[PDB]
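Comments concern the structure below.
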Amino acid sequence: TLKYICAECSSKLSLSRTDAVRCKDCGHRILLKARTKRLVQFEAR
Amino acid sequence: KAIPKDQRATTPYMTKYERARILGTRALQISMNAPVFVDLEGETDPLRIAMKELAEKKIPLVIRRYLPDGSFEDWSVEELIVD
Amino acid sequence: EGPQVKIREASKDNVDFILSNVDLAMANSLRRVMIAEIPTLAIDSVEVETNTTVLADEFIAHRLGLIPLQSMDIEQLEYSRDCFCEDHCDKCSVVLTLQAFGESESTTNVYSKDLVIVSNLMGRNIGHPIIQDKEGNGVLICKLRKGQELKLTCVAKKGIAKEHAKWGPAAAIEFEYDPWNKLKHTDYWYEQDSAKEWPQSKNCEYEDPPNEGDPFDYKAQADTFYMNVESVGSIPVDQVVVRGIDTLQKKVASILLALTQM
Amino acid sequence: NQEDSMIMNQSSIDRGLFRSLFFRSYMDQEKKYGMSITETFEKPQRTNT
Amino acid sequence: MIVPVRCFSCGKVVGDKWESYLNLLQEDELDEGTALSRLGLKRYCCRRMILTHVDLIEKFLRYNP
Amino acid sequence: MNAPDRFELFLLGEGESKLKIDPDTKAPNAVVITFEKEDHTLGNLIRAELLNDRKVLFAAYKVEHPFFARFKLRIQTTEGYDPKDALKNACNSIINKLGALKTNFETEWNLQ
Amino acid sequence: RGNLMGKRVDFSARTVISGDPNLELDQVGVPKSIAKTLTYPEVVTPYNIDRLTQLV
Ligand SMILES: [Zn+2]
Ligand SMILES: [Zn+2]
Ligand SMILES: [Zn+2]
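Note that the protein sequences, when read in sequence, are chains L, F, C, B, J, K and A. The deposited numbering puts the first residue of the first sequence at 26, with every later residue one more than the last. The deposited numbering puts the first residue of the second sequence at 72, with every later residue one more than the last. The deposited numbering puts the first residue of the third sequence at 4, with every later residue one more than the last. The deposited numbering puts the first residue of the fourth sequence at 834, with every later residue one more than the last. The deposited numbering puts the first residue of the fifth sequence at 1, with every later residue one more than the last. The deposited numbering puts the first residue of the sixth sequence at 1, with every later residue one more than the last. The deposited numbering puts the first residue of the seventh sequence at 337, with every later residue one more than the last.
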């Protein structure tokens, strides 16, 4: 499974496949993908 | 039908188009390993060699100037006065 | 003999002095070296872990890149390309980090003093955020509310201003010469009169007008320079001037060494 | 500077002058023609695709 | 936005002058030129930064993440 | 995109040198010295000291293009004298004046 | 009009032009990306076999 975040209440869902697209506890179908857990290198120039 | 040499009444001067196509075709032949008739001064570019042959009239070509009535003339580039 | 320096104003940021007996080439070369060919320490690489701010990531990396740092004992810190290690080591760069998190309802402000030094200095005095505010607070990097974290690791590397403008210790350099126009280098434009429109400069107090009715000037050279150096906060003014003169001397000596080998 | 040309300071550019952000949005959607063929968002394998 | 670091010309650090600037404006009720004269800015290259700044981060923070 | 790296403005490239001494045939006893990874800061400062000498007949410099860190220094001295010696005297004079400027600057700084 | 008298052709580049007094009258400054994108077929001759070999 992959970690997802709800639109409004911003709760951690982490639903798997074949579970459609819908938040638990609220009916907001907008689910975030969350940012990667690895580091990203940048340059100040 | 090939006008004879005593009846050639065209301009004896080589035009810029004739010089251009003579240098282009001659340089194209030199690029394709053609026998060079002039001793090189260390050149590598084919166009410079073609102009070197034109400066000494060593280019072995003859121009077939087409007349508007269907006839033509044969003016060799060696007898054509350049510039 | 050679040049003479007469300091007029000496402060923590601005220092105005008079550098005379110097051909225009050595004065212009001096100010050009002080503006450009002087080393500095600034952030070169920004590694962002978590960022919930409303600002962009590379935007925050740019703001962090513009932040000045201390750069005193930078002479004995080798360059990144000069060191034979992979990436970095305690010989080339200084490692910094920042962790900010909003606590109460009022917004928390992230200052440059929040940066801590987690790398060994081996007796050096670099990496400390320069604090020049009267309230004791560093540079306001960004603002954060409750529920937003910001953790990052910066790699402060050595470089001159030719690589990027963030390595600029000097600021506005006031260059002036010949207060009363006698060398005839500028023809002042005037609508009615040049003496009533153009005001007098400060340095005019240190000389005198050439007096009207006198013979024309054509044998006098350009000298008696007025140079005001201003440092941002990295190194003091004496290290700017001394490091600049030693920089130009190492360049000219490098050209002499480049000519000797021929 | 001739012909409406401008010279800009490089040190001012390095300090963030007229620097802007560009946001490009790529919208994709899976569809079903006659229910028998169904497009699916997935990571394609280089063996069977 | 959110206080430009350094300046876009001279290069002097100004980010640490915003909090004081507003503090001098909301407490002493001085003018803009007087406050900029108290911060230490003597060139208009810096003055255009603080004088023409449009802080939009405050309107950005009012959104819930 | 296509702009060169910034550190290339002062770092010497591979297979290159600092000075390129090339004899010139435009005038007798004339030489053109090519300077790499430098600009007007060194060219004008060297040219001034070359003009302060009496053995140098001609001395100039120019930057061919601003996108390349390089400048040409054309020198022409009198017969029986080498321009390299004049350049050495120029470098020694600059080093001496900079040393006196540093010593005098520190001496005047210790009085504040 | 769109297929005989005129047509869209290859071996071309379009971009913004600007001035440069340091260049000559007949020259034109071409960017490096355009120089690496476009190409020209040269014929191998004993005069440039070493140069073209270096290019390979
Ligand atoms: Zn929810
Ligand atoms: Zn290292
Ligand atoms: Zn300014």
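Every residue, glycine too, gets a C-beta built ideally from N, C-alpha and C.
May I have all residues whose beta carbon comes closer than 5 angstroms to any heavy atom of ligand 3, sorted in chain order?
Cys-7/J, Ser-9/J, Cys-10/J, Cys-45/J and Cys-46/J
What in chain A is Cβ-close to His-65/K, meaning under 7 angstroms?
Taking the first residue of the sixth sequence as 1, we reach residue 65/K at position 65. Simply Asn-358.
By alpha-carbon positions, which one of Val-244/C, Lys-185/C and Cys-207/C ends up nearest to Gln-224/C?
Walking along the third sequence from the start, residue 224/C turns up at place 221. The residue with the shortest Cα to Cα distance from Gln-224/C is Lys-185/C.
Could you tell me if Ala-371/A is buried or exposed, where buried requires 16 or more neighbouring beta carbons within 10 angstroms of its beta carbon?
Along the seventh sequence, read from residue 1 onward, the residue named residue 371/A stands at position 35. By the 10 Å Cβ count, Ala-371/A comes out exposed.
DSSP three-state call for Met-37/C: helix, strand or coil?
One-based indexing of the third sequence puts residue 37/C at position 34. Reduced to three states, the DSSP call for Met-37/C is helix.
Quick one: is the Cβ of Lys-160/C within less than 7 angstroms of any heavy atom of ligand 2?
Counted from its first residue, the third sequence places residue 160/C at position 157. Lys-160/C has its CB no nearer than 7 angstroms to any heavy atom of ligand 2.
So, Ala-39/C versus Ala-198/C, is the Cβ gap smaller than 8 angstroms?
As a position in the third sequence, residue 39/C is number 36, starting the count at 1. As a position in the third sequence, residue 198/C is number 195, starting the count at 1. 8 angstroms or more divides the Cβ of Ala-39/C from the Cβ of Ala-198/C.
I'd like to confirm the pairing. Which residues does DSSP put opposite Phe-71/K in its beta bridges?
Your numbering for residue 71/K matches position 71 in the sixth sequence. Among the bridge pairs identified by DSSP, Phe-71/K is matched with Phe-35/K.
Do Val-243/C and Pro-172/C have their C-beta atoms within less than 8 angstroms of each other?
Along the third sequence, read from residue 1 onward, the residue named residue 243/C stands at position 240. Along the third sequence, read from residue 1 onward, the residue named residue 172/C stands at position 169. In contact: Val-243/C and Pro-172/C (Cβ atoms closer than 8 angstroms).
Tell me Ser-48/C's beta-bridge partners as DSSP assigns them.
Within the third sequence, residue 48/C is the residue found at index 45, counting from 1. Bridge partners of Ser-48/C: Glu-68/L and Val-158/C.
Taking a Cβ distance cut-off of 7 angstroms, strictly less, list which residues of the region 843-874 of chain B are near chain C, in chain order.
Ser-844, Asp-847, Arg-848, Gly-849 and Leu-854
In the DSSP assignment, find the beta strand (DSSP E) that holds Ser-257/C and state where it starts and stops.
To locate residue 257/C, count along the third sequence from 1; it is residue 254. Premise fails: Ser-257/C lies in the alpha helix (DSSP H), 240-263, not in any beta strand (DSSP E).
At a cut-off of 7 angstroms, would you count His-91/C as near ligand 2, judging by its Cβ distance to the nearest heavy atom?
Sequence index remark: in the third sequence, residue 91/C carries index 88 (1-based). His-91/C: yes, Cβ under 7 angstroms from ligand 2.
Taking only beta-carbon atoms, is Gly-68/C less than 8 angstroms away from chain L?
Here residue 68/C refers to the residue found at position 65 of the third sequence. At least one chain L Cβ lies under 8 angstroms of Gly-68/C.
Just curious, the beta strand (DSSP E) that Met-230/C is in, first and last residue?
Position 227 of the third sequence, counted from the start, is the residue given in the question as residue 230/C. Where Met-230/C is concerned, the enclosing beta strand (DSSP E) stretches over 228-233.
Straight-line CA distance for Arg-54/L to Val-392/A?
Walking along the first sequence from the start, residue 54/L turns up at place 29. Walking along the seventh sequence from the start, residue 392/A turns up at place 56. Straight-line Cα distance between these residues: approximately 57 angstroms.
Taking contact to mean 3 or more Cβ pairs, one atom from each stretch, closer than 8 angstroms, check whether the region 30-50 of chain K and the region 81-95 of chain K are in contact.
yes
Who are the neighbours of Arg-6/J on chain B, taking C-beta pairs under 7 angstroms?
Residue 6/J sits at position 6 when you count from the first residue of the fifth sequence. Here the neighbours are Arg-848.
Any C-beta of chain L sitting closer than 8 angstroms to the C-beta of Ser-197/C?
Translated into the one-based positions of the third sequence, residue 197/C becomes position 194. Look at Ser-197/C: its C-beta is not under 8 angstroms from any C-beta on chain L.
Along chain A, which residues have their Cβ under 7 angstroms away from the Cβ of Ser-102/F?
For the purposes of this step, residue 102/F is taken as residue 31 along the second sequence, with counting starting at 1. In chain order: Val-379 and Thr-381.
Quick one: Cα of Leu-118/F to Cα of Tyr-88/F, how far?
Residue mapping note: residue 118/F aligns to position 47 of the second sequence, counting from 1. Residue mapping note: residue 88/F aligns to position 17 of the second sequence, counting from 1. CA-to-CA, the gap between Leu-118/F and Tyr-88/F works out to about 16 angstroms.
Return yes when at least one heavy atom of ligand 1 lies under 7 angstroms from the C-beta of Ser-39/L, else no.
As a first step, residue 39/L is located in the first sequence; it is residue number 14 there, counting from the start. False, no ligand heavy atom lies under 7 angstroms from that Cβ.
Measuring only between beta-carbons, confirm whether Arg-43/J sits less than 8 angstroms from chain C.
Sequence index remark: in the fifth sequence, residue 43/J carries index 43 (1-based). Output row for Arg-43/J: interface = yes.
Do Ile-258/C and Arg-34/C have their C-beta atoms closer together than 8 angstroms?
Along the third sequence, read from residue 1 onward, the residue named residue 258/C stands at position 255. Along the third sequence, read from residue 1 onward, the residue named residue 34/C stands at position 31. No, the pair does not count as a contact, with Cβ atoms beyond the cut-off.
Can you pull the chain B residues whose beta carbon is under 8 angstroms from the beta carbon of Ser-37/J, in chain order?
To locate residue 37/J, count along the fifth sequence from 1; it is residue 37. Within 8 angstroms Cβ-Cβ: nothing; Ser-37/J doesn't reach chain B, min ~24 angstroms.
Cβ of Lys-94/C versus every heavy atom of ligand 2: is any distance shorter than 7 angstroms?
Here residue 94/C corresponds to residue number 91 of the third sequence, with the count starting at 1. It does: the Cβ of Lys-94/C is within 7 angstroms (strictly closer) of some heavy atom of ligand 2.
When the distance is taken between beta carbons, is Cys-145/C closer than 8 angstroms to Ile-2/J?
Here residue 2/J refers to the residue found at position 2 when the fifth sequence is read from its first residue. Here residue 145/C refers to the residue found at position 142 when the third sequence is read from its first residue. Against a cut-off of 8 angstroms, the Cβ pair of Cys-145/C and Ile-2/J comes out as a contact.
Using 10 angstroms around the beta-carbon of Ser-348/A, count the other beta-carbons present and answer buried if the total reaches 16, otherwise exposed.
On the seventh sequence, residue 348/A is found 12 positions in, with the first residue counted as 1. The residue in question, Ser-348/A, is exposed, as its Cβ has fewer than 16 Cβ neighbours within 10 Å.
Applying a beta-carbon distance threshold of less than 9 angstroms, which residues of chain C neighbour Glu-108/K?
Sequence index remark: in the sixth sequence, residue 108/K carries index 108 (1-based). Within 9 angstroms Cβ-Cβ: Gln-7, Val-8, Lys-9, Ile-10 and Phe-20.
Per DSSP, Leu-22/C forms a beta bridge with which residues?
For the purposes of this step, residue 22/C is taken as residue 19 along the third sequence, with counting starting at 1. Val-8/C and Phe-228/C, per the DSSP bridge assignment.
According to DSSP, is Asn-881/B part of a helix, a strand, or is it coil?
Mapped onto the fourth sequence, residue 881/B falls at position 48. Residue state, collapsed to three classes: coil.
Please return the same chain residues whose Cβ sits closer than 7 angstroms to the Cβ of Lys-55/K, not counting the five positions on each side in sequence.
Residue numbering aside, residue 55/K sits at position 55 when the sixth sequence is read from its first letter. Contacts found: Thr-77, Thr-78, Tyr-81 and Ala-86.
With 8 angstroms as the threshold, decide whether the Cβ of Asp-136/C is near any Cβ in chain J.
Residue 136/C sits at position 133 when you count from the first residue of the third sequence. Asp-136/C counts as touching chain J.
Can you give me the start and stop residues for the alpha helix (DSSP H) that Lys-59/J sits inside?
On the fifth sequence, position 59 is the one that residue 59/J refers to. For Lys-59/J, the uninterrupted alpha helix (DSSP H) run begins and ends at 57-61, by DSSP.
Find the residues of chain K that neighbour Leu-99/C, judging by a C-beta separation of less than 7 angstroms, and give them in chain order.
Counting from one through the third sequence, the residue named residue 99/C turns up at place 96. Ordered by position in chain K, no residue passes the 7 angstroms Cβ test against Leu-99/C, which lies about 22 angstroms from the chain.
Less than 7 angstroms separating the Cβ of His-53/L from some heavy atom of ligand 1?
As a first step, residue 53/L must be located in the first sequence, where it is residue number 28. Yes; taking the cut-off as 7 angstroms, the Cβ of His-53/L has a heavy atom of ligand 1 nearer than that.
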